[PDB]
file start.cif (mmCIF, C-alpha atoms)
data_start
#
loop_
_atom_site.label_atom_id
_atom_site.label_comp_id
_atom_site.auth_asym_id
_atom_site.auth_seq_id
_atom_site.Cartn_x
_atom_site.Cartn_y
_atom_site.Cartn_z
CA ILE A 1 0.00 0.00 0.00
CA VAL A 2 2.87 2.38 0.76
CA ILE A 3 4.50 2.04 -2.67
CA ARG A 4 1.21 3.33 -4.15
CA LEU A 5 0.43 6.56 -2.29
CA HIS A 6 0.20 10.30 -2.86
CA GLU A 7 0.08 13.33 -0.58
CA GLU A 8 -2.11 16.41 -0.88
CA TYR A 9 -2.77 19.66 0.99
CA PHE A 10 -6.27 21.09 1.46
CA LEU A 11 -7.01 24.65 2.58
CA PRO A 12 -9.84 25.32 5.05
CA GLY A 13 -13.40 25.27 3.72
CA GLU A 14 -12.95 22.38 1.28
CA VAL A 15 -14.80 19.05 1.44
CA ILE A 16 -12.70 15.92 0.99
CA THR A 17 -15.50 13.34 0.79
CA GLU A 18 -19.25 13.73 0.34
CA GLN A 19 -21.57 11.18 1.92
CA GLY A 20 -23.66 10.89 -1.24
CA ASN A 21 -21.00 9.77 -3.71
CA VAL A 22 -19.19 6.46 -3.40
CA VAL A 23 -15.57 6.56 -2.25
CA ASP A 24 -12.86 6.14 -4.88
CA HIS A 25 -9.88 7.27 -2.81
CA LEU A 26 -9.50 6.76 0.94
CA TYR A 27 -7.30 9.28 2.73
CA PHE A 28 -4.92 8.67 5.63
CA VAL A 29 -4.46 11.77 7.79
CA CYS A 30 -0.85 12.44 8.76
CA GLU A 31 -0.99 16.17 9.61
CA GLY A 32 -3.66 18.79 10.18
CA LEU A 33 -7.19 18.41 11.50
CA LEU A 34 -10.47 17.61 9.75
CA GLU A 35 -14.05 16.94 10.79
CA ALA A 36 -16.45 14.03 10.20
CA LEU A 37 -19.99 14.98 9.27
CA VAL A 38 -23.01 12.77 8.61
CA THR A 39 -25.90 14.46 6.81
CA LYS A 40 -28.34 14.72 9.70
CA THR A 41 -31.92 13.56 9.10
CA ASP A 42 -33.13 16.75 10.81
CA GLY A 43 -32.07 18.70 7.72
CA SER A 44 -28.57 19.67 8.88
CA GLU A 45 -25.07 18.28 9.34
CA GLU A 46 -24.08 18.24 13.08
CA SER A 47 -20.64 16.92 14.10
CA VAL A 48 -19.15 13.49 14.82
CA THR A 49 -15.35 13.32 15.14
CA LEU A 50 -12.31 15.60 14.77
CA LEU A 51 -9.71 13.38 13.09
CA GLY A 52 -6.33 15.04 13.55
CA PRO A 53 -3.58 12.50 14.22
CA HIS A 54 -2.60 9.26 12.43
CA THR A 55 -6.19 8.54 11.40
CA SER A 56 -7.93 7.47 8.19
CA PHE A 57 -11.45 7.73 6.81
CA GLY A 58 -13.19 6.20 3.82
CA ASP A 59 -12.09 2.68 4.74
CA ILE A 60 -15.40 1.88 6.44
CA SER A 61 -17.01 2.49 3.04
CA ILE A 62 -14.60 0.05 1.39
CA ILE A 63 -15.61 -2.58 3.96
CA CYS A 64 -19.36 -1.92 4.24
CA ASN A 65 -19.70 -1.58 0.42
CA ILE A 66 -22.13 1.34 0.83
CA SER A 67 -22.12 5.13 0.55
CA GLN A 68 -19.98 7.27 2.83
CA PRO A 69 -21.50 7.42 6.33
CA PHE A 70 -20.15 10.96 6.84
CA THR A 71 -19.33 13.89 4.63
CA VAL A 72 -15.85 15.06 5.63
CA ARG A 73 -14.74 18.68 5.33
CA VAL A 74 -11.38 20.17 6.22
CA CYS A 75 -10.58 22.41 9.19
CA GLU A 76 -7.07 23.71 8.45
CA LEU A 77 -4.14 22.89 6.18
CA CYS A 78 -3.96 19.09 6.33
CA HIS A 79 -1.26 16.75 4.99
CA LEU A 80 -3.31 13.79 3.74
CA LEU A 81 -2.03 10.60 2.13
CA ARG A 82 -4.41 9.22 -0.49
CA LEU A 83 -4.87 5.71 -1.89
CA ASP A 84 -7.37 4.69 -4.57
CA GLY B 1 6.39 32.81 -26.61
CA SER B 2 2.69 32.02 -26.49
CA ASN B 3 0.09 29.77 -28.11
CA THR B 4 -0.54 32.36 -30.83
CA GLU B 5 3.08 31.66 -31.80
CA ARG B 6 2.82 27.86 -31.82
CA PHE B 7 -0.25 28.11 -34.05
CA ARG B 8 1.55 30.37 -36.52
CA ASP B 9 4.69 28.21 -36.52
CA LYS B 10 2.78 25.00 -37.25
CA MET B 11 0.71 26.73 -39.93
CA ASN B 12 3.80 28.20 -41.60
CA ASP B 13 5.40 24.76 -41.77
CA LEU B 14 2.22 23.20 -43.20
CA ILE B 15 1.88 25.98 -45.75
CA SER B 16 5.45 25.26 -46.85
CA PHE B 17 4.68 21.54 -47.10
CA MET B 18 1.37 21.99 -48.92
CA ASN B 19 2.43 24.62 -51.46
CA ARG B 20 5.65 22.70 -52.11
CA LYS B 21 3.54 19.85 -53.54
CA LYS B 22 0.58 21.84 -54.99
CA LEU B 23 -2.10 20.03 -53.01
CA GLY B 24 -5.38 21.92 -53.45
CA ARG B 25 -7.56 24.57 -51.83
CA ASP B 26 -10.32 22.32 -50.43
CA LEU B 27 -7.91 20.18 -48.42
CA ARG B 28 -6.16 23.45 -47.53
CA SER B 29 -9.45 24.51 -45.94
CA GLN B 30 -9.84 21.22 -44.06
CA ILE B 31 -6.27 21.41 -42.84
CA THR B 32 -6.63 25.02 -41.68
CA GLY B 33 -9.83 24.28 -39.77
CA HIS B 34 -8.28 21.22 -38.15
CA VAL B 35 -5.16 23.05 -36.97
CA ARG B 36 -7.30 26.00 -35.88
CA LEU B 37 -9.23 23.75 -33.53
CA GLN B 38 -6.39 21.81 -32.00
CA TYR B 39 -4.35 25.01 -31.49
CA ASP B 40 -6.93 26.91 -29.44
CA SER B 41 -7.51 27.03 -25.69
CA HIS B 42 -10.40 24.55 -26.01
CA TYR B 43 -8.21 21.50 -26.76
CA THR B 44 -6.26 21.53 -23.50
CA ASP B 45 -9.22 21.63 -21.07
CA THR B 46 -9.05 17.97 -20.02
CA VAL B 47 -5.25 18.28 -20.13
CA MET B 48 -4.80 20.92 -17.43
CA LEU B 49 -7.71 19.64 -15.34
CA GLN B 50 -5.63 16.67 -14.17
CA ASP B 51 -4.16 17.93 -10.87
CA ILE B 52 -7.06 19.80 -9.24
CA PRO B 53 -7.77 17.43 -6.31
CA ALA B 54 -11.08 16.08 -7.66
CA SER B 55 -13.23 17.69 -5.09
CA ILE B 56 -13.20 21.03 -6.89
CA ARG B 57 -13.37 19.28 -10.26
CA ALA B 58 -16.52 17.64 -8.90
CA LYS B 59 -18.16 21.04 -8.44
CA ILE B 60 -16.92 22.29 -11.82
CA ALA B 61 -18.45 19.23 -13.47
CA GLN B 62 -21.69 19.52 -11.50
CA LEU B 63 -21.93 23.18 -12.54
CA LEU B 64 -21.06 22.74 -16.23
CA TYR B 65 -22.12 19.31 -17.48
CA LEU B 66 -25.16 18.54 -15.31
CA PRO B 67 -28.01 19.72 -17.61
CA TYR B 68 -26.40 18.09 -20.65
CA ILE B 69 -26.26 14.65 -19.04
CA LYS B 70 -29.66 15.13 -17.37
CA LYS B 71 -31.47 15.89 -20.63
CA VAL B 72 -30.62 12.47 -22.15
CA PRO B 73 -33.59 10.07 -22.18
CA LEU B 74 -31.62 6.92 -21.36
CA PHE B 75 -30.94 8.32 -17.90
CA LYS B 76 -34.44 8.17 -16.42
CA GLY B 77 -33.37 6.32 -13.27
CA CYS B 78 -34.71 9.44 -11.48
CA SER B 79 -31.97 9.21 -8.83
CA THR B 80 -30.30 12.61 -9.05
CA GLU B 81 -27.70 11.09 -6.72
CA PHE B 82 -26.98 8.52 -9.43
CA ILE B 83 -26.95 11.41 -11.92
CA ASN B 84 -24.45 13.43 -9.87
CA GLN B 85 -22.36 10.27 -9.67
CA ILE C 1 -3.09 41.46 13.28
CA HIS C 2 -3.08 39.32 10.13
CA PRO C 3 -1.37 40.84 7.07
CA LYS C 4 -4.54 40.81 4.96
CA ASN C 5 -6.11 43.57 7.08
CA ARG C 6 -6.99 46.58 4.92
CA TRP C 7 -5.53 49.30 7.15
CA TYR C 8 -2.20 47.48 7.34
CA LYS C 9 -2.18 47.37 3.53
CA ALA C 10 -2.78 51.12 3.25
CA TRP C 11 -0.06 51.78 5.83
CA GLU C 12 2.27 49.51 3.85
CA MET C 13 1.65 51.59 0.73
CA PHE C 14 2.34 54.79 2.69
CA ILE C 15 5.58 53.39 4.10
CA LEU C 16 6.53 52.24 0.60
CA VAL C 17 6.22 55.83 -0.63
CA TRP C 18 8.34 57.05 2.29
CA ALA C 19 10.92 54.31 1.65
CA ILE C 20 11.19 55.37 -2.00
CA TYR C 21 11.71 58.99 -0.94
CA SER C 22 14.37 58.05 1.62
CA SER C 23 16.20 55.72 -0.78
CA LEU C 24 16.30 58.46 -3.43
CA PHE C 25 17.30 61.23 -1.03
CA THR C 26 19.97 59.58 1.13
CA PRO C 27 22.72 59.44 -1.56
CA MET C 28 21.95 63.06 -2.45
CA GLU C 29 22.20 64.13 1.19
CA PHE C 30 25.46 62.22 1.60
CA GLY C 31 27.14 63.51 -1.55
CA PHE C 32 26.08 67.04 -2.41
CA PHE C 33 25.52 68.29 1.16
CA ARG C 34 28.02 68.34 4.02
CA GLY C 35 25.66 68.91 6.88
CA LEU C 36 22.28 70.22 5.81
CA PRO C 37 20.75 73.65 5.27
CA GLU C 38 18.36 74.55 8.06
CA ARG C 39 15.41 74.37 5.64
CA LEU C 40 15.43 70.53 5.75
CA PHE C 41 14.97 69.87 9.49
CA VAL C 42 11.29 68.95 9.75
CA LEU C 43 11.61 66.69 6.70
CA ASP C 44 14.22 64.44 8.30
CA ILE C 45 12.45 64.51 11.67
CA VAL C 46 9.11 63.39 10.23
CA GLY C 47 10.78 60.73 8.09
CA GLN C 48 12.47 59.22 11.13
CA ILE C 49 9.27 59.27 13.19
CA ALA C 50 7.39 57.59 10.32
CA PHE C 51 9.90 54.77 10.23
CA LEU C 52 9.74 54.41 14.03
CA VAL C 53 5.97 53.98 13.68
CA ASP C 54 6.78 51.35 11.06
CA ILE C 55 9.08 49.61 13.54
CA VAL C 56 6.34 49.29 16.17
CA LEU C 57 3.53 48.25 13.91
CA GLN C 58 5.95 45.59 12.85
CA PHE C 59 6.52 44.50 16.42
CA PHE C 60 2.86 43.51 16.30
CA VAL C 61 2.06 42.23 12.81
CA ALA C 62 1.71 38.45 12.44
CA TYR C 63 2.99 36.36 9.52
CA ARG C 64 2.92 32.98 7.76
CA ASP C 65 5.35 30.11 8.32
CA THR C 66 7.10 28.65 5.28
CA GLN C 67 7.80 25.06 6.33
CA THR C 68 4.36 24.20 7.72
CA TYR C 69 2.35 26.71 5.60
CA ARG C 70 0.37 27.45 8.77
CA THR C 71 -0.06 31.04 9.88
CA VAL C 72 1.80 31.74 13.14
CA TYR C 73 0.25 34.03 15.76
CA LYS C 74 2.70 33.44 18.62
CA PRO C 75 3.60 36.99 19.77
CA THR C 76 6.86 35.81 21.32
CA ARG C 77 7.68 34.05 18.05
CA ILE C 78 6.90 37.09 15.88
CA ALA C 79 9.03 39.25 18.19
CA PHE C 80 11.85 36.70 18.01
CA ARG C 81 11.70 36.61 14.20
CA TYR C 82 11.75 40.41 14.02
CA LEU C 83 14.72 40.56 16.40
CA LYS C 84 16.51 37.89 14.37
CA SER C 85 16.01 39.40 10.91
#

call {"tool": "encode", "arguments": {"input": "start.cif", "output": "structure tokens"}}
result
Amino acid sequence: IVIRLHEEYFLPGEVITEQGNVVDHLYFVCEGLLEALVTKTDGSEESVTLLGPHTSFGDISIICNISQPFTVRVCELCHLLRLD
Amino acid sequence: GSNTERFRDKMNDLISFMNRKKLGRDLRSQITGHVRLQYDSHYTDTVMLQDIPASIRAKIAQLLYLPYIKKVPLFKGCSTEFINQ
Amino acid sequence: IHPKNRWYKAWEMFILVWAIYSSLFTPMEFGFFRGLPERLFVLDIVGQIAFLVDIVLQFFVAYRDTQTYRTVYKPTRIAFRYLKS
């Protein structure tokens, strides 16, 4: 998995993964902080987890074989490693 | 230089090649139109749009191409989530 | 204060004008004048006070780090960088 990886930097305000669309790349967080966000059935977005250190998201979609449980938007400049 | 220079260079070389052999004005027209299209800003759009993460490209696509793909009859699955996919 | 603040930008333009004037005038004061005629007192005084005001504002303006690309607001760190450079 390491020999096939790429890094990327996202400025605040961006969205890395939307809950609606299926995952195609899962991102391992190595620096920065970012927030997990399930589209709330109330008509809003609420807040779940603040994934800052040595954490990944999108894998649970690759295991459950369903759509992304949470939309994930950035918080600050984050050094993310990405695998398809 | 600039793209307006690459166009003119390629066209000058063609013109040399074509008039050297006395080809013909109709194929001259086809040739000129062809080079005109591949030497404009429109023929590199998919080329530069290769490094934008994907997230922003997603919004550019959903802002530009959405009505075109939505107006096709084949796609009557009615799931606009499937359509945005 | 972050650098993108409007008033800091206007002050930066003002201090740029004063810096241009001082850079153009200092060789001419050094060469053609030994001492100065008394008619040029207030000019030098106000120039020096303007650059002292520049020194303080600078003691307080924040910046952006280069290695981490994260903006740094640590007042001790901005003071240390200003002392260093």

call {"tool": "resolve_selection", "arguments": {"input": "start.cif", "expression": "the PyMOL selection byres ((chain B and resi 7) around 12)", "output": "count of residues only"}}
result
23

call {"tool": "residues_around", "arguments": {"input": "start.cif", "residues": "region 20-35 of chain A", "least_positions_apart": "2", "cutoff": "7 Å", "atoms": "only C-alpha atoms", "output": "ChimeraX atom specification"}}
result
/A:18,37,49-59,61,67-68,72-84 /B:81,85

call {"tool": "residues_around", "arguments": {"input": "start.cif", "residues": "residue 55 (chain C)", "least_positions_apart": "3", "cutoff": "12 Å", "atoms": "only C-alpha atoms", "output": "list in words"}}
result
residues 12, 15, 48, 49, 50, 51, 52, 58, 59, 60, 61, 79, 82 and 83 of chain C

call {"tool": "atom_distance", "arguments": {"input": "start.cif", "atom1": "CA of residue 58 (chain B)", "atom2": "CA of residue 14 (chain A)"}}
result
11.8 Å

call {"tool": "closest_residue", "arguments": {"input": "start.cif", "among": "A:3, A:8, A:66, A:45", "to": "chain B", "atoms": "only C-alpha atoms"}}
result
A:8

call {"tool": "residues_near_point", "arguments": {"input": "start.cif", "point": "(1.4, 38.5, 19.9)", "cutoff": "12 Å", "atoms": "only C-alpha atoms", "output": "NGL selection string"}}
result
:C and (1-2 or 57-63 or 72-81)

call {"tool": "write_last_selection", "arguments": {"input": "start.cif", "atoms": "C-alpha atoms", "output": "compact mmCIF listing (two decimals), in the coordinates of the input"}}
result
# COMPACT_ATOMS: atom_id res chain seq x y z
CA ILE C 1 -3.09 41.46 13.28
CA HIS C 2 -3.08 39.32 10.13
CA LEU C 57 3.53 48.25 13.91
CA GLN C 58 5.95 45.59 12.85
CA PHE C 59 6.52 44.50 16.42
CA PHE C 60 2.86 43.51 16.30
CA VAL C 61 2.06 42.23 12.81
CA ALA C 62 1.71 38.45 12.44
CA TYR C 63 2.99 36.36 9.52
CA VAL C 72 1.80 31.74 13.14
CA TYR C 73 0.25 34.03 15.76
CA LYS C 74 2.70 33.44 18.62
CA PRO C 75 3.60 36.99 19.77
CA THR C 76 6.86 35.81 21.32
CA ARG C 77 7.68 34.05 18.05
CA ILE C 78 6.90 37.09 15.88
CA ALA C 79 9.03 39.25 18.19
CA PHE C 80 11.85 36.70 18.01
CA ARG C 81 11.70 36.61 14.20

call {"tool": "resolve_selection", "arguments": {"input": "start.cif", "expression": "the PyMOL selection byres ((chain C) within 12 of (chain A))", "output": "number ranges by chain"}}
result
C: 68-71

call {"tool": "write_last_selection", "arguments": {"input": "start.cif", "atoms": "C-alpha atoms", "output": "compact mmCIF listing (two decimals), in the coordinates of the input"}}
result
# COMPACT_ATOMS: atom_id res chain seq x y z
CA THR C 68 4.36 24.20 7.72
CA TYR C 69 2.35 26.71 5.60
CA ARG C 70 0.37 27.45 8.77
CA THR C 71 -0.06 31.04 9.88

call {"tool": "build_atoms", "arguments": {"input": "start.cif", "residues": "region 27-61 of chain B", "atoms": "N, CA and C atoms", "output": "short mmCIF file (atom, residue, chain, number, x, y, z; two decimals), in the frame of the given file"}}
result
data_model
loop_
_atom_site.label_atom_id
_atom_site.label_comp_id
_atom_site.auth_asym_id
_atom_site.auth_seq_id
_atom_site.Cartn_x
_atom_site.Cartn_y
_atom_site.Cartn_z
N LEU B 27 -8.64 20.81 -49.51
CA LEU B 27 -7.91 20.18 -48.42
C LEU B 27 -7.12 21.22 -47.63
N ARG B 28 -6.73 22.32 -48.27
CA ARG B 28 -6.16 23.45 -47.53
C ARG B 28 -7.15 23.94 -46.48
N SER B 29 -8.42 24.07 -46.87
CA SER B 29 -9.45 24.51 -45.94
C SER B 29 -9.62 23.52 -44.79
N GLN B 30 -9.68 22.22 -45.12
CA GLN B 30 -9.84 21.22 -44.06
C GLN B 30 -8.66 21.25 -43.10
N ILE B 31 -7.46 21.32 -43.65
CA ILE B 31 -6.27 21.41 -42.84
C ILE B 31 -6.28 22.63 -41.93
N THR B 32 -6.63 23.80 -42.47
CA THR B 32 -6.63 25.02 -41.68
C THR B 32 -7.65 24.94 -40.55
N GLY B 33 -8.85 24.44 -40.84
CA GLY B 33 -9.83 24.28 -39.77
C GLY B 33 -9.36 23.32 -38.70
N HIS B 34 -8.76 22.21 -39.11
CA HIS B 34 -8.28 21.22 -38.15
C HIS B 34 -7.23 21.81 -37.22
N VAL B 35 -6.21 22.47 -37.79
CA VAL B 35 -5.16 23.05 -36.97
C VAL B 35 -5.71 24.18 -36.11
N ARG B 36 -6.67 24.94 -36.65
CA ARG B 36 -7.30 26.00 -35.88
C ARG B 36 -7.93 25.44 -34.62
N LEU B 37 -8.59 24.29 -34.73
CA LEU B 37 -9.23 23.75 -33.53
C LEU B 37 -8.22 23.15 -32.57
N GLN B 38 -7.24 22.37 -33.05
CA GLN B 38 -6.39 21.81 -32.00
C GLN B 38 -5.40 22.82 -31.43
N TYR B 39 -5.25 24.00 -32.03
CA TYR B 39 -4.35 25.01 -31.49
C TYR B 39 -5.10 26.20 -30.89
N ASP B 40 -6.23 25.93 -30.25
CA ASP B 40 -6.93 26.91 -29.44
C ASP B 40 -6.90 26.48 -27.98
N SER B 41 -7.46 27.33 -27.12
CA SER B 41 -7.51 27.03 -25.69
C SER B 41 -8.50 25.92 -25.36
N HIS B 42 -9.37 25.54 -26.29
CA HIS B 42 -10.40 24.55 -26.01
C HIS B 42 -9.86 23.12 -25.99
N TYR B 43 -8.71 22.86 -26.61
CA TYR B 43 -8.21 21.50 -26.76
C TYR B 43 -7.21 21.11 -25.68
N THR B 44 -7.07 21.91 -24.64
CA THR B 44 -6.26 21.53 -23.50
C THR B 44 -7.05 21.47 -22.20
N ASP B 45 -8.39 21.54 -22.27
CA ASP B 45 -9.22 21.63 -21.07
C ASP B 45 -9.08 20.39 -20.19
N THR B 46 -9.25 19.20 -20.78
CA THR B 46 -9.05 17.97 -20.02
C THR B 46 -7.58 17.78 -19.66
N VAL B 47 -6.68 18.47 -20.37
CA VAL B 47 -5.25 18.28 -20.13
C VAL B 47 -4.83 18.98 -18.84
N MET B 48 -5.23 20.24 -18.65
CA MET B 48 -4.80 20.92 -17.43
C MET B 48 -5.60 20.42 -16.24
N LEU B 49 -6.86 20.04 -16.45
CA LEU B 49 -7.71 19.64 -15.34
C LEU B 49 -7.38 18.22 -14.91
N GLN B 50 -6.10 17.97 -14.62
CA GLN B 50 -5.63 16.67 -14.17
C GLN B 50 -5.09 16.68 -12.75
N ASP B 51 -4.75 17.85 -12.20
CA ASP B 51 -4.16 17.93 -10.87
C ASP B 51 -5.09 18.51 -9.82
N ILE B 52 -6.09 19.28 -10.24
CA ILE B 52 -7.06 19.80 -9.24
C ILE B 52 -7.48 18.57 -8.44
N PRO B 53 -7.53 18.62 -7.10
CA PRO B 53 -7.77 17.43 -6.31
C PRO B 53 -8.73 16.49 -7.01
N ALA B 54 -10.00 16.87 -7.04
CA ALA B 54 -11.08 16.08 -7.66
C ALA B 54 -12.30 16.72 -7.04
N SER B 55 -12.11 17.07 -5.78
CA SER B 55 -13.23 17.69 -5.09
C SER B 55 -13.72 18.94 -5.80
N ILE B 56 -12.81 19.84 -6.16
CA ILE B 56 -13.20 21.03 -6.89
C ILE B 56 -13.62 20.69 -8.31
N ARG B 57 -12.93 19.75 -8.95
CA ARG B 57 -13.37 19.28 -10.26
C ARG B 57 -14.78 18.72 -10.19
N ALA B 58 -15.15 18.12 -9.06
CA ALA B 58 -16.52 17.64 -8.90
C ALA B 58 -17.51 18.78 -9.03
N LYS B 59 -17.24 19.91 -8.37
CA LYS B 59 -18.16 21.04 -8.44
C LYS B 59 -18.14 21.69 -9.82
N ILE B 60 -16.97 21.76 -10.45
CA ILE B 60 -16.92 22.29 -11.82
C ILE B 60 -17.75 21.43 -12.75
N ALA B 61 -17.64 20.11 -12.64
CA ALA B 61 -18.45 19.23 -13.47
C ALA B 61 -19.93 19.39 -13.16
#
